[PDB]
Amino acid sequence: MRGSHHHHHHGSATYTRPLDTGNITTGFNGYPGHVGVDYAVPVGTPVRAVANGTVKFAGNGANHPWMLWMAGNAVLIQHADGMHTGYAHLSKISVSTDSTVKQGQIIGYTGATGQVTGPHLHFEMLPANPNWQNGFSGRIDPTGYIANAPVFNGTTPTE
Ligand SMILES: [Zn+2]
C-alpha cells in the first residue's frame with residue numbers, strides 16, 4: 001500500500017475545464033429556466049468542494065426515494081463569503097446536512113440522477129441571502145471560482 005506524508009504548496013490538476021463560464025442572465029445554451037451552470041462530464045467522477053464552508057443540503061443518492069426526489073443528488077453549501085453553492089445531477093454524496101466542509105474535499109461523485117440523457121455537473125452559486133425580487137434570482141457567474149481553476153489547452157490573451 002502507498003502512503004503520502006508531505007503535501008504540495010501549489011497543487012496539481014490533471015483535469016481539464018469543461019466550460020469557460022455559465023450565466024443565465026441573457027440566454028442559456030438551450031437550457032431554459034436554468035439557475036446554474038452545467039458541465040458534461042461522465043458519472044462517477046469525485047466532486048470536490050470548490051470552497052470551504054458548511055453543508056446546508058446533502059441529498060444522498062444512496063437511499064433517496066422517488067417519493068420526494070426527482071432531480072437526484074444535490075449539495076448546497078455556504079462558501080467562505082457566506083454565499084451559497086449547489087452541486088446537482090450527482091450520483092453520490094460524501095457529505096451531510098449541517099456538516100462542515102473544506103475546499104477540494106470530496107463532497108460526492110458526479111451523476112445523472114435527473115433526466116436520462118447524459119451525465120454532467122450542475123454548479124449554482126447564489127448570495128448569502130438572495131433578492132429573488134427579480135433581477136438575478138441570486139444566481140450569478142461561477143467565473144470567480146473558475147479563474148483559480150486548471151488550464152484547458154492554454155488560453156492566451158495576446159502574449
Ligand atoms: Zn444544471
# chains A, B, ... in the order shown; residues from 1 in each chain; ligands from 1
>>> residues_near_ligand(ligand="ligand 1", cutoff="12 Å", atoms="only C-alpha atoms and all ligand atoms", output="VMD selection string")
chain A and resid 22 to 24 28 to 40 71 to 74 86 to 90 111 to 115 119 to 125 139
>>> select_by_dssp(residues="segment 36-141 of chain A", states="strand (DSSP E)", output="ChimeraX atom specification")
/A:37-40,46-48,53-59,73-78,84-93,100-101,106-110,120-126
>>> closest_residue(among="A:81, A:91, A:48, A:146", to="residue 63 of chain A", atoms="only C-alpha atoms")
A:91
>>> atom_distance(atom1="atom CA of residue 50 of chain A", atom2="atom CA of residue 138 of chain A")
18.2 Å
>>> closest_residue(among="A:82, A:104, A:46, A:150", to="residue 126 of chain A", atoms="only C-alpha atoms")
A:82
>>> closest_residue(among="A:16, A:156, A:25, A:110", to="residue 94 of chain A", atoms="only C-alpha atoms")
A:110
>>> select_by_dssp(residues="chain A", states="helix (DSSP H, G or I)", output="number ranges by chain")
A: 143-146
>>> write_last_selection(atoms="C-alpha atoms", output="PDB file, in the first residue's frame")
ATOM      1  CA  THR A 143     -16.097  32.627 -13.238  1.00  0.00           C
ATOM      2  CA  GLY A 144     -14.859  33.779  -9.829  1.00  0.00           C
ATOM      3  CA  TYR A 145     -14.247  30.153  -8.855  1.00  0.00           C
ATOM      4  CA  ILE A 146     -13.118  29.064 -12.329  1.00  0.00           C
TER       5      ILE A 146
END
>>> decode(residues="segment 74-97 of chain A", atoms="N, CA, C and O atoms", output="mmCIF file, in the first residue's frame")
data_model
loop_
_atom_site.group_PDB
_atom_site.id
_atom_site.type_symbol
_atom_site.label_atom_id
_atom_site.label_comp_id
_atom_site.auth_asym_id
_atom_site.auth_seq_id
_atom_site.Cartn_x
_atom_site.Cartn_y
_atom_site.Cartn_z
ATOM 1 N N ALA A 74 -27.971 16.183 -4.734
ATOM 2 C CA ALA A 74 -27.767 17.625 -4.657
ATOM 3 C C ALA A 74 -27.027 18.007 -3.387
ATOM 4 O O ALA A 74 -27.199 17.372 -2.347
ATOM 5 N N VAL A 75 -26.211 19.062 -3.479
ATOM 6 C CA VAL A 75 -25.425 19.535 -2.341
ATOM 7 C C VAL A 75 -25.405 21.055 -2.305
ATOM 8 O O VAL A 75 -24.935 21.700 -3.239
ATOM 9 N N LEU A 76 -25.895 21.609 -1.209
ATOM 10 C CA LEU A 76 -25.901 23.038 -1.011
ATOM 11 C C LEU A 76 -25.050 23.329 0.177
ATOM 12 O O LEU A 76 -25.208 22.747 1.248
ATOM 13 N N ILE A 77 -24.146 24.233 -0.062
ATOM 14 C CA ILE A 77 -23.149 24.642 0.886
ATOM 15 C C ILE A 77 -22.957 26.154 0.841
ATOM 16 O O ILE A 77 -23.175 26.805 -0.182
ATOM 17 N N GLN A 78 -22.575 26.677 1.988
ATOM 18 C CA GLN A 78 -22.290 28.070 2.180
ATOM 19 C C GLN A 78 -20.778 28.262 2.129
ATOM 20 O O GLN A 78 -20.038 27.742 2.965
ATOM 21 N N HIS A 79 -20.356 29.013 1.134
ATOM 22 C CA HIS A 79 -18.945 29.301 0.886
ATOM 23 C C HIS A 79 -18.294 30.182 1.940
ATOM 24 O O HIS A 79 -18.910 30.546 2.945
ATOM 25 N N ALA A 80 -17.028 30.511 1.668
ATOM 26 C CA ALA A 80 -16.199 31.299 2.562
ATOM 27 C C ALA A 80 -16.665 32.748 2.745
ATOM 28 O O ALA A 80 -16.269 33.409 3.711
ATOM 29 N N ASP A 81 -17.507 33.224 1.831
ATOM 30 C CA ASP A 81 -18.021 34.585 1.881
ATOM 31 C C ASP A 81 -19.442 34.614 2.429
ATOM 32 O O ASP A 81 -19.991 35.684 2.713
ATOM 33 N N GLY A 82 -20.021 33.420 2.579
ATOM 34 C CA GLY A 82 -21.361 33.281 3.106
ATOM 35 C C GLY A 82 -22.365 32.962 2.025
ATOM 36 O O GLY A 82 -23.531 32.684 2.317
ATOM 37 N N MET A 83 -21.899 32.998 0.770
ATOM 38 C CA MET A 83 -22.706 32.703 -0.385
ATOM 39 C C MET A 83 -23.104 31.228 -0.424
ATOM 40 O O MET A 83 -22.562 30.423 0.337
ATOM 41 N N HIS A 84 -24.036 30.879 -1.309
ATOM 42 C CA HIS A 84 -24.491 29.516 -1.397
ATOM 43 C C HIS A 84 -24.089 28.889 -2.722
ATOM 44 O O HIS A 84 -24.055 29.571 -3.748
ATOM 45 N N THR A 85 -23.781 27.588 -2.694
ATOM 46 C CA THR A 85 -23.390 26.869 -3.873
ATOM 47 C C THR A 85 -23.993 25.481 -3.865
ATOM 48 O O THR A 85 -23.868 24.739 -2.886
ATOM 49 N N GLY A 86 -24.665 25.157 -4.954
ATOM 50 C CA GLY A 86 -25.265 23.855 -5.104
ATOM 51 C C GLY A 86 -24.491 22.996 -6.076
ATOM 52 O O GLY A 86 -23.798 23.516 -6.961
ATOM 53 N N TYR A 87 -24.622 21.681 -5.906
ATOM 54 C CA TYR A 87 -23.972 20.696 -6.728
ATOM 55 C C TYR A 87 -25.051 19.667 -7.055
ATOM 56 O O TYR A 87 -25.397 18.821 -6.219
ATOM 57 N N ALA A 88 -25.630 19.783 -8.248
ATOM 58 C CA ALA A 88 -26.715 18.892 -8.645
ATOM 59 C C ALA A 88 -26.323 17.958 -9.782
ATOM 60 O O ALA A 88 -25.308 18.160 -10.457
ATOM 61 N N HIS A 89 -27.182 16.939 -9.993
ATOM 62 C CA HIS A 89 -27.005 15.896 -11.026
ATOM 63 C C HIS A 89 -25.774 15.015 -10.742
ATOM 64 O O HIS A 89 -25.008 14.669 -11.643
ATOM 65 N N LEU A 90 -25.604 14.675 -9.462
ATOM 66 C CA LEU A 90 -24.529 13.813 -8.997
ATOM 67 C C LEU A 90 -25.058 12.397 -8.755
ATOM 68 O O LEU A 90 -26.274 12.183 -8.741
ATOM 69 N N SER A 91 -24.147 11.435 -8.596
ATOM 70 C CA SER A 91 -24.522 10.053 -8.361
ATOM 71 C C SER A 91 -24.403 9.669 -6.888
ATOM 72 O O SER A 91 -24.950 8.643 -6.470
ATOM 73 N N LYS A 92 -23.705 10.501 -6.097
ATOM 74 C CA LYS A 92 -23.492 10.228 -4.685
ATOM 75 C C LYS A 92 -22.932 11.431 -3.954
ATOM 76 O O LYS A 92 -22.371 12.352 -4.555
ATOM 77 N N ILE A 93 -23.102 11.382 -2.646
ATOM 78 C CA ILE A 93 -22.631 12.401 -1.736
ATOM 79 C C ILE A 93 -21.770 11.787 -0.635
ATOM 80 O O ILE A 93 -21.971 10.639 -0.229
ATOM 81 N N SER A 94 -20.813 12.579 -0.182
ATOM 82 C CA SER A 94 -19.916 12.207 0.885
ATOM 83 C C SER A 94 -20.181 13.066 2.114
ATOM 84 O O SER A 94 -19.597 12.847 3.183
ATOM 85 N N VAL A 95 -21.066 14.047 1.941
ATOM 86 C CA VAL A 95 -21.391 14.980 2.960
ATOM 87 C C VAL A 95 -22.751 14.699 3.599
ATOM 88 O O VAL A 95 -23.412 13.703 3.294
ATOM 89 N N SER A 96 -23.147 15.604 4.492
ATOM 90 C CA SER A 96 -24.386 15.521 5.235
ATOM 91 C C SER A 96 -24.800 16.913 5.660
ATOM 92 O O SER A 96 -23.958 17.749 5.992
ATOM 93 N N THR A 97 -26.107 17.144 5.655
ATOM 94 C CA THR A 97 -26.691 18.431 6.021
ATOM 95 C C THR A 97 -26.238 18.882 7.421
ATOM 96 O O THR A 97 -26.303 18.105 8.377
#
